[PDB]
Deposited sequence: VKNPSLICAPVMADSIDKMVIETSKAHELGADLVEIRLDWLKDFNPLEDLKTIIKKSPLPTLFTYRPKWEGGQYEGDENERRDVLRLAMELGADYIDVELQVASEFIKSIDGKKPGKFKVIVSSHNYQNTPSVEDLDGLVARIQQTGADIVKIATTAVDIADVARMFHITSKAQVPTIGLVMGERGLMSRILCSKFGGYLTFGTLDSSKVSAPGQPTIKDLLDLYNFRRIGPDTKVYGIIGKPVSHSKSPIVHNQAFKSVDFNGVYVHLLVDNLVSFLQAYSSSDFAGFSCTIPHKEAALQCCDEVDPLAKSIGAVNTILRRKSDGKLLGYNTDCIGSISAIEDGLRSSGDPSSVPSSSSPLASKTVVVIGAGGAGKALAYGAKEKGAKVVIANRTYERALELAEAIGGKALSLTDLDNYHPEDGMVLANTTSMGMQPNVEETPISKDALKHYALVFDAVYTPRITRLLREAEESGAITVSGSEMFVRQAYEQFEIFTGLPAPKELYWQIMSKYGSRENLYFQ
């Protein structure tokens, strides 16, 4: 609905001097406006303080005086609370956010007294779930009926599938609408606003200044997710998994898309149920996906067509939604990424029997010496599917062997977790670890201390990544670019996007 989404920054410092500093920071960061959360001020002299903020703020101002009964900090007299908001408006505020519950009385009180550039936002918060379209429609109608200039609705994501309902609302409501879904599972709703008609989204000054679950930083919205480039025709892609907050696929793919000016956007997709997820997002708006634990093997089942290599491997880590009919095509870029990374580093001991284990096992077989599998659950016929061992026995096992971890052991925040005793490593010439967050896992650490050579999971990550790009865009893999992007933008550790 209308203009691209605005980026609003929540200002919650407990003093006026500090809020002024925050509004400046917001301007510096690239935000379009700021929401002054008046209920967070330790000391508050309405007339004086409000006057200051409006004056010193380099950006348009939206004032909120959130009461305890609506999840805010304000306690006390309701009329006094309302007087402040009225003051804000008459002092030059660009917007005020008034709660649905009291919006009618409030808007009536300012009848024939609203400044020229003043807009009233009426909001509703649902901390339980995301209602049906039917109920959302009714809520929109109710908010409209109060005389609101802008409809504002914040719901909670029980499942990632809930976002689609919110997109339908912001995309089809014929009134300026701010629709957001809270929680990590709703993050996508905060990023794709400009594609689905959202009037505004909230971005933080930093990872610690969050006013609601799921809010990303302004910097990430602008530089990581290329927010300004997102539009109605932009195609959406994302990494499917659980957990998914550690993934850097959104970093690399978005840079690449921008670099070649491809009209696409890549986001994190926290999926609990893969089957329902793919069902909830089958429209042409969602052109492709990457898959990690625990959906690599499951994706294979959901694809309409599977690449011979993927079928032969038994798992899919890349999905493409064919424009032609609209079906899903499964591919596997893990195999070539793992094998090449390893060979470059230069009997293979594969740790893990999941999708990554399958791929790496297959490739190790197809290219030289034979391998043996070692999974937490002994049963995971894998060793006989390509020509076995129980995890606990791995410690008990030549002197120039190769070890390849494809499990999540050691992945952040489980930094002190390793899949094998450092005493065994003494028998390996090379050790690979598919885990790339952190770059140097405990395994790789004690491996280099064990005198062996180490191959980082980033080597495999970048390789399998540019192959997905080619699959997604149909453009030749810009390999050199991906190595550059990973080096310049994907080097920081302990990052969680949620």
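- Missing from the model, relative to the deposited sequence, are the stretches 347-365, 400-401, 409-410, 421-422.
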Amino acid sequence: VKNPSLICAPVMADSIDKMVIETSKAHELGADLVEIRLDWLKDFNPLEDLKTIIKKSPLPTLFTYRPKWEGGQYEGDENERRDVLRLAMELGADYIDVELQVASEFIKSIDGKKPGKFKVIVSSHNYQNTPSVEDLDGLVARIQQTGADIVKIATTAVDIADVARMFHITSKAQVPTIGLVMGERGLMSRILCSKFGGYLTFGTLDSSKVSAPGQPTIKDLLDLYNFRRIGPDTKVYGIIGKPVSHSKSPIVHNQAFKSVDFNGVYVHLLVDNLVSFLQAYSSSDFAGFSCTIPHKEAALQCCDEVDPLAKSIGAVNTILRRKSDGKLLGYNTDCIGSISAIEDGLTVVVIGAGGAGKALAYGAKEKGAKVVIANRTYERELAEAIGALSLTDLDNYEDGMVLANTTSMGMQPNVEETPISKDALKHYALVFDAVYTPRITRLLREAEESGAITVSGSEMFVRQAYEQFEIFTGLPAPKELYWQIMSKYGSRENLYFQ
From here on, numbers count along this sequence of modelled residues.
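- Averaged over their C-alpha atoms, the temperature factors of 43-51 and 24-32 are higher for 43-51.
- Set 167-175 against 296-304 and average the Cα temperature factors; 296-304 ends up higher.
- Residues shown: 133, 310, 120, 244. Highest C-alpha temperature factor in the entry: 310.
- As recorded in the entry, 112 carries the highest CA temperature factor of 264, 231, 413, 112.
- In the PDB entry, a CA B factor belonging to the middle third of its chain's modelled residues is recorded for residue 61.
- For residue 437, the recorded CA B-factor ranks within the lowest third of the chain. Only modelled residues enter the ranking.
- Residue 200: CA B factor lies in the lowest third for its chain, per the PDB record.
- Annotation for residue 84: CA B-factor lies in the middle third of the chain's modelled residues.
- Sort the chain's modelled residues by C-alpha temperature factor and residue 445 lands in the highest third, per the entry.
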